[PDB]
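K.L.:
Sharing an experimental structure here, sequence included.
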Amino acid sequence: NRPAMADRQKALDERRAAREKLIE
Amino acid sequence: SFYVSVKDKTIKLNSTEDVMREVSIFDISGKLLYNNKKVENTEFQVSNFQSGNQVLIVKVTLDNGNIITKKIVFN
Amino acid sequence: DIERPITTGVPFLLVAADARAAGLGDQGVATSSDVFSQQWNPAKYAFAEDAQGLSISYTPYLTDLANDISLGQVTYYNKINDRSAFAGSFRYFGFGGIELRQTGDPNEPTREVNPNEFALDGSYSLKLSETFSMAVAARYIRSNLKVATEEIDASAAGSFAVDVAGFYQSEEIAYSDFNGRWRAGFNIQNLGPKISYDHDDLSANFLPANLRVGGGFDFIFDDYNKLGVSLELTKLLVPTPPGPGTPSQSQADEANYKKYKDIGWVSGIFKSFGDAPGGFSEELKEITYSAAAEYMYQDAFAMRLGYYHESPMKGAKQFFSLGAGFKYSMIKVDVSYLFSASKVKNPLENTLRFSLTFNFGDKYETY
Ligand SMILES: CCCCCCCCCCC(CCCCCCCCCC)(CO[C@H]1O[C@@H](CO)[C@H](O[C@@H]2O[C@@H](CO)[C@H](O)[C@@H](O)[C@@H]2O)[C@@H](O)[C@@H]1O)CO[C@H]1O[C@@H](CO)[C@H](O[C@@H]2O[C@@H](CO)[C@H](O)[C@@H](O)[C@@H]2O)[C@@H](O)[C@H]1O
């Protein structure tokens, strides 16, 4: 037709990277 | 139609065609300073020494349970 | 009961003036940044999520006895950059209009007096690091509670004070069961010269200089549920007056009061600390504390429990507090209620505090 802690930490890291990259 | 007057440390209630049943005078602290259940549209002499307090609250209960509230300055 | 309370001028400055902090046990130094964060901790105005905010707060007094006797607050904040913010707040305690009447032809013109007490302050907050911020505030206090009569002068008494605040807010940190957040705060309040109610230097009252130190933690579950637990400690920075005797019966008390009242406010700040032959435990009786829990759903519903404890030796203000908050689109409504647990009657018992804030402007992301 074209371990919740680890997931939460990955989501936080992705949010941090995206917020850092978007403004610059 | 209701008036409270203070001339010389004396409280004077005036009601037009309305007769009061009870009067209560409170301080700003909420302490009951005076209470009379036999109001006759007359004057009231509360103790003159109030430790620097001037503002008083007068609650008047009429024939019916209606309550009239007046803030006065005790002078 | 209350043995040797600390006597300060303009005590109305110590009353919580917003429903959100009132519902959290009269604490705001380490809670989340909001529009009311001027009486508690201006330093978190730099951590605001909205660019500009306005707020109106109403705290009625003696609701059963009379109307119009209340403490109102109007706050405005504007954060210009992502690092700095300006704020201005105005607190006003009033009895409402009071008519001065003699019988004297009751159609005669009458004089209306409004005895009041207000404080107007402006604060600047700047973020030093990404997690820490500081703030400096300047406040003008005026007291006009006296009514002019014969042999009574009703000139207002004024004073100035400064505020130094600091706020730390960490980033979201993932743990085993939740990804919480850490907060800390301090606020040194009401640092200024003594207020003279009678306009005489010999008869002056200390400003209620205060120190608030607090810390909080946010349990974040499901991205829609939050539980903020906050703890605050408060100490008055005013010297304690002499008591029964500190070695001619009344002469000793007169001399002790003479030496106590002849203390500068700057020196009084340091004299508040220590001044006891005992250790930390003996001085712990001058520390008030408060513990608060705020549940937050979708950042739109808030449910607040609080406990405020003074030592019954001074003040005797011990109570539990209930609070609720709602956010429709840009309008936030807070209500708070108090259950007293002290022997002395709390003037704010059976009273529902109201708060209403409008948020507008740009939105800032939270680090
Ligand atoms: C003098 C003393 C203060 C009076 C100033 C009045 C200004 C009103 C601001 C209204 C406010 C807060 C209101 C809540 C606070 C009230 C609390 C009261 C409590 C009382 C107890 C949101 O209110 C929004 O409500 C929206 C309705 O849904 C409307 O959107 C409008 O629909 C269409 C129009 O029909 C329009 O096409 C559409 O573009 C709008 O989006 C607007 O009314 C407004 O944007 C502010 O938010 C925003 O408003 C705008 C201007 O609109 C402000 O821009 C600046 O305004 C002047 C700056 O000073 C400058 O001149 C101006 O150059 C500058 O652009 C910003 O501030 C901005 O952040």
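P.N.:
Arrived safely. Numbers count the residues shown, from 1 in each chain, chains lettered A, B, ... in the order given.

K.L.:
drop to CA atoms for contacts and neighbour counts, all remaining ones
P.N.:
Fine.

K.L.:
Quickly note the distance from the residue nearest in space to the middle of chain B to chain A.
P.N.:
Most central in chain B under Cα atoms, centre = their mean is residue B:58, positioned 3.7 Å from the mean C-alpha point. Per Cα to the nearest Cα, to the nearest Å, residue B:58 is found 62 Å from chain A.

K.L.:
who touches that residue in this structure?
P.N.:
Counting by Cα atoms under 8 Å, 6 or more residues apart in numbering or on different chains, residue B:58 makes contact with B:23-26, B:68-72.

K.L.:
could you redo the last one with a cut-off of 10 Å?
P.N.:
Counting by Cα atoms under 10 Å, 6 or more residues apart in numbering or on different chains, residue B:58 makes contact with B:4, B:11, B:13, B:23-27, B:33-35, B:67-72, C:65-66.

K.L.:
taking those residues one by one, which sit in helices?
P.N.:
With DSSP state H as the criterion, helices contain none of the contacts of residue B:58.

K.L.:
Can you turn the buried part of these into a PyMOL selection?
P.N.:
Per 16 or more other Cα atoms under 10 Å in any protein chain shown, the buried members of those correspond to this PyMOL selection:
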select buried, (chain B and resi 4+11+13+23+24+25+26+27+35+69+70+71+72) or (chain C and resi 65+66)
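
K.L.:
which residues of the chain fall in helices?
P.N.:
Picked chain A for this. Counting by DSSP H, the helices of chain A are A:4-23.

K.L.:
that's the wrong chain, I wanted chain C
P.N.:
C:19-23, C:250-261, C:265-272, C:280-283.

K.L.:
Redo these as a markdown table? Include mean neighbour count and distance to chain A.
P.N.:
A markdown table is the format used below for the helices of chain C (neighbours: other Cα atoms under 10 Å in any protein chain shown; distance: least, Cα to the nearest Cα, whole Å):
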| stretch | mean neighbour count | distance to chain A |
| --- | --- | --- |
| helix C:19-23 | 29 | 29 |
| helix C:250-261 | 13 | 55 |
| helix C:265-272 | 16 | 43 |
| helix C:280-283 | 11 | 41 |
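
K.L.:
Using JSON lines, please lay out the ones you listed together with distance to chain B.
P.N.:
Putting these into JSON lines (distance: least, Cα to the nearest Cα, whole Å) gives the following:
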{"stretch": "helix C:19-23", "distance to chain B": "21"}
{"stretch": "helix C:250-261", "distance to chain B": "20"}
{"stretch": "helix C:265-272", "distance to chain B": "26"}
{"stretch": "helix C:280-283", "distance to chain B": "30"}
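
K.L.:
would you turn those into a markdown table with distance to residue C:162?
P.N.:
Formatted as a markdown table, these follow (distance: least, Cα to Cα, whole Å):
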| stretch | distance to residue C:162 |
| --- | --- |
| helix C:19-23 | 21 |
| helix C:250-261 | 22 |
| helix C:265-272 | 12 |
| helix C:280-283 | 26 |
